[PDB]
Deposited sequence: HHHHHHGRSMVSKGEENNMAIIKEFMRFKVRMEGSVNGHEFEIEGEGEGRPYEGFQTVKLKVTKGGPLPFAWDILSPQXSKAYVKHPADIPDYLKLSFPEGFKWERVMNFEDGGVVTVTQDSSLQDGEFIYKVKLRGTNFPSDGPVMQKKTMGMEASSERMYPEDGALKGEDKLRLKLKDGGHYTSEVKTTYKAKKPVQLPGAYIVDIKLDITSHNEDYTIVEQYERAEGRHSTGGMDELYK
């Protein structure tokens, strides 16, 4: 069902500090090799009056797993999985995300709903002072019959130093599938291209699981 090459289609409905938008995208990659690319367009409420980098992390079927760590999110398909995310930014900004992943007609289908609130109007998010994020290591652990990740995402500030978020995510297969033990996923998300007002953006992600 999950081929060595897979396309996906994504739709996001979102608001950030009350600004409503829609995003449509098309992605592709090699699920077993742990890389993928995606192209997004802001179809409604563009240009976005806030930093793209808060939306960049909103595709876990494309993580490279060694043979001895069960690839829980791949084993969910074809029915697929849901994920729920809370991002607690250092200046009090909050992002909540829910996501449905499924497999239709040989491609992944992603539906995302996002709410950001409480970003300071003078902060780096509403003032677009971020230039992408550092590589991260998401700590994965099973709990309550689901897979959980925690990370600390480090957004790059133009003038030097970082703007940080605590991120907790829950990934749950729609049908009981084998959960792994606790492990680590090294991730690098790159914005590879964008038009001037970030209404069109291209992103490259690499993700590899490994033991602690």
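Engineer: Where are the gaps relative to the deposited sequence?
Structural biologist: Since the structure holds only modelled residues, the stretches it omits are 1-20, 79, 234-242.
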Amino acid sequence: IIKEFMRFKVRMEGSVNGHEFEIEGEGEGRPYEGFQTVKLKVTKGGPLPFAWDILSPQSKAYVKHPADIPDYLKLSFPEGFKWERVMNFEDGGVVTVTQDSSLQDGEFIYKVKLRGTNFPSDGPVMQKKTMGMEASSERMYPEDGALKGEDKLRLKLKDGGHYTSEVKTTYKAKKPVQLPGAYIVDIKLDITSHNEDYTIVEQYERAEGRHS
From here on, numbers count along this sequence of modelled residues.
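Engineer: Decide which of the stretches 188-196 and 5-13 has the higher mean C-alpha B-factor, going by the entry.
Structural biologist: Comparing 5-13 with 188-196, the higher average CA B-factor belongs to 188-196.
Engineer: Highest mean C-alpha temperature factor of the two stretches 146-154 and 27-35, which is it?
Structural biologist: Result of the comparison: 146-154.
Engineer: Which third, lowest, middle or highest, does the CA B-factor of residue 78 fall in along this chain?
Structural biologist: It belongs to the highest third of the chain when residues are ordered by C-alpha B-factor.
Engineer: Taking only the Cα B-factors deposited for this chain, tell me whether residue 94 sits in the lowest, middle or highest third.
Structural biologist: According to the entry, residue 94 has a C-alpha B-factor in the chain's middle third.
Engineer: Just say lowest, middle or highest third for the CA B-factor of residue 172 relative to the other modelled residues in its chain.
Structural biologist: For residue 172, the deposited C-alpha B-factor lands in the middle third.
Engineer: Would you mind checking where the Cα B-factor of residue 68 ranks among the modelled residues of its chain, as the lowest, middle or highest third?
Structural biologist: Highest third, going by the recorded CA B-factors of the chain.
Engineer: Comparing residue 85 with the other modelled residues of its chain, is its CA B-factor in the lowest, middle or highest third?
Structural biologist: According to the entry, residue 85 has a C-alpha B-factor in the chain's lowest third.
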